[PDB]
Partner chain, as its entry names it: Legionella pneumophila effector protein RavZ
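Consider the single chain below, provided in structure tokens and representing the form deposited without the partner chain.
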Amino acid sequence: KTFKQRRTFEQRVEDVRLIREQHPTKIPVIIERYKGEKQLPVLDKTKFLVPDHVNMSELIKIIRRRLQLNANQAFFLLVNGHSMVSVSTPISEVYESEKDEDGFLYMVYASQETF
């Protein structure tokens, strides 16, 4: 059901390697809705190629636009399983410290802080 359950470790490693070859300036990001989530919709896809210069604040704005949220819908985003310490960090720096061993950066979103 989740991305890690659908694709083998070997398969995830090879897809990150192909994104390095074909989209060298992009961060490979997995974005999934929290399994408990009621309010927010699901995304149109799972795997996202994020320009490596954007910061976490801008990525949140990007995901809010993709979900077509309105101003008063709450949105919380975990990176590698935990809260972001700072939204100002360039995603290239976030990737180097928070990437999975498969080479993806994993994110989860919910309408509540308590996931």
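Only the largest set of C-alpha atoms that superpose within 1.5 Å between the two forms is called the rigid core. Positions refer to the first chain, counted from 1.
The stretch that strays farther, by root mean square C-alpha distance over structures and residues in 9 other deposited structures of this protein after a rigid core fit, is 106-114, when 2-10 is set against 106-114. For the pair 16-24 and 90-98, rigid core superposition yields a higher RMS C-alpha distance in 9 other deposited structures of this protein in 16-24.
Two stretches are in play, 29-37 and 59-67, and the higher mean C-alpha B-factor belongs to 29-37. For the set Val54, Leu49, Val85, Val79, the PDB entry assigns the largest Cα B-factor to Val85.
The same protein has a further form, the form deposited with the partner chain bound, not shown here; the description that follows concerns it.
Though the partner is left out of this view, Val87 does reach within 4.5 Å of the partner chain in the deposited bound form, counting heavy atoms only. Scanning 59-75 for heavy atoms within 4.5 Å of the partner chain in the deposited bound form gives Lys61, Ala71, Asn72 in sequence order.
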